[PDB]
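What the coordinates show
In case you want the letters, here they are:
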Amino acid sequence: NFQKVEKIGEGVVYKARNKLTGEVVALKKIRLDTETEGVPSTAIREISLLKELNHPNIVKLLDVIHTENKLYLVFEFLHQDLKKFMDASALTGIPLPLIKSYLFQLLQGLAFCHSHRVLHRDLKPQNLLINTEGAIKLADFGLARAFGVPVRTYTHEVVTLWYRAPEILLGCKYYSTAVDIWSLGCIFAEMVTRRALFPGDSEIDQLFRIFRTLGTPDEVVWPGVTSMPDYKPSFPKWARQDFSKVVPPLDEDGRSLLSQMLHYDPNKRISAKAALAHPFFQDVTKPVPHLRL
Ligand SMILES: O=C(O)c1cc([N+](=O)[O-])ccc1NCCc1c[nH]c2cc(Cl)ccc12
C-alpha cells in the first residue's frame with residue numbers, strides 16, 4: 001500500500017507513503033552486483049538483528065526485504081538532517097546549547113552501538129536526522145560491506161573523505177570504534193565554526209589537511225604510526241596548531257573534549273561513554289531547532 005512520493009537521498013532513498021493511512025517511511029533501495037544470487041544469508045542475519053536493537057538516537061530499522069538483485073531497507077522517516085540545518089544556520093551559527101545537545105545525543109547513540117560491537121564507519125552531517133522535538137539520530141550506517149552485502153561496485157565513485165579517521169587513511173586493516181569518535185569530532189568542529197574542518201579532495205590531500213592542523217604524527221604522539229601500511233617517512237613535517245586556533249570561539253571545556261575526540265592514536269581517543277562524562281556537558285539541555293519543513 002506504500003507508494004514512492006519523492007526521492008530524498010542518493011543506495012537511493014525515497015519518501016514512501018501509505019495511500020490509505022498516510023503513514024510515511026524512508027525506503028532505501030540498494031542494488032547488488034549480481035542479477036541472480038541475492039544477498040547471502042549471513043548478511044541478512046546480521047542486518048535483521050538491528051531491528052531489535054533500538055536507541056532514541058539511532059534511526060529505527062522497520063523491515064528488511066531482499067530479492068535476486070536488490071536489498072530494501074525500510075526506516076522511520078525524519079524530515080531534516082544536520083547538513084541542511086547547518087546550511088540554513090550557516091550565516092549565524094547553530095546556538096551553543098543546541099550544538100551541545102546534539103553532540104551529547106550522538107555520543108549516546110554511538111555508545112549504544114559500540115557497546116553492541118556495531119560501528120557506523122561513515123558519519124557525515126547529511127547522515128544525522130533531526131526533528132522538531134530536538135532529537136538527532138544516527139542514520140545511513142556504512143555496514144553493507146562489513147556485513148557482506150554484495151553491493152554494486154561503482155568504478156568512478158566519488159567518495160567524501162572529510163570525516164575519515166587518520167588510521168583509515170594510513171591503511172589500518174582493522175577499524176575500531178574510535179573511527180566514529182573522530183568523525184563526530186570533525187562534525188562538532190563544523191557546527192562550531194560553520195565550516196568543514198578537513199575538506200580534502202583525495203586521500204593524500206585529506207591526510208595533509210589533518211597534518212597541517214594537528215601536526216604530522218610521529219611515534220611520540222601516535223606510537224605505532226610509522227608502522228602503518230601507508231605511512232611514509234617522507235611525509236612533510238608540519239607543526240601542531242593549538243585548538244584555540246582550530247575552533248574559535250569554543251570555550252575551554254569544549255576545546256578540551258574536541259582535542260580528545262581528535263586524538264591521533266585510536267587507542268587513546270576518548271570513548272563515546274567516557275565523553276558523556278566530560279565537563280563540557282555539565283549544563284547540557286534539550287532545546288528545539290526552528291525548522292522550516
Ligand atoms: O543505515 C543503513 O543504511 C544500514 C545499512 C545496512 N546495510 O546495508 O547492510 C545495514 C544497517 C543499516 N542501518 C542500521 C540502523 C540501526 C538500527 N538499529 C541499530 C542498532 C545498532 Cl547497535 C546499530 C545500527 C542500527
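Listed as the method for this PDB entry is X-ray crystallography; the listed resolution is 1.9100 Å.

1. What to know about unusual backbone geometry
Look at the link from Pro248 to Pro249: it is a cis peptide, with omega at 5°. Position of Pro249 relative to the elements: it lies in the loop between α8 (243–246) and α9 (252–261). Phi angles above zero are rare outside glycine, and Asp140 is one such case at about 55°. Tracing the backbone shows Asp140 in the loop between β8 (136–138) and α4 (144–147). Positive phi outside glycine occurs at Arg194, with the angle close to 65°. For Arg194, the position within the fold is in the loop between α6 (178–193) and α7 (203–214).

2. Details of the sheet that holds strand β6 (residues 80–81)
With antiparallel pairing, the three strands of this open sheet are ordered in space as β6-β7-β8. Edge positions in the sheet fall to β6 and β8, since each has one partner strand and no second. Where β6 lies against strand β7 (residues 128–130), two bridges are found, and the strand directions are antiparallel. Its bridge partner lying in β7, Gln80 is registered against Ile130.

3. Notes on the domain arrangement of the protein chain
For the protein chain, the assigned domains read domain 1 (2–75) and domain 2 (80–281). Computed over C-alpha atoms only, the centres of domain 1 and domain 2 are separated by 26 Å. Taken together, the contacts link 20 residues of domain 1 with 21 residues of domain 2. Looking at the side of domain 1 that touches domain 2 residue by residue, the classes come out as twelve nonpolar, four polar and four charged.

4. Description of empty space enclosed by the protein
Counted as a void, the largest cavity has a volume near 60 Å³. Contributing to the lining of the largest cavity are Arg121, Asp122, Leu123, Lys124, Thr160, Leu161, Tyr163, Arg164 and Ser183. Grouping the constituent residues of the lining of the largest cavity by class yields three nonpolar, two polar and four charged.

Parameters and conventions
- Residues numbered from 1 in each chain as written, not as in the entry; some residues may be left out.
- Heavy atoms only, no water.
- Residues with missing side-chain atoms left out of burial classes, pairs and counts.
- Helix = DSSP H or I, 4+ residues; strand = E, 2+ residues; numbered from the N terminus.
- Pairing = 2+ DSSP bridges.
- Domains from an automatic or database assignment.
- Contact = heavy atoms within 4.5 Å.
- Nonpolar A, V, L, I, M, F, W, Y, C, P; charged D, E, K, R; others polar.
- 1 Å grid on protein atoms, 1.4 Å probe; cavity = no way out; pocket = protein on both sides within 12 Å on 5 of 7 lines; lining within 4 Å.
- Points joined across faces, edges and corners; volume = space filled by probe spheres on them.

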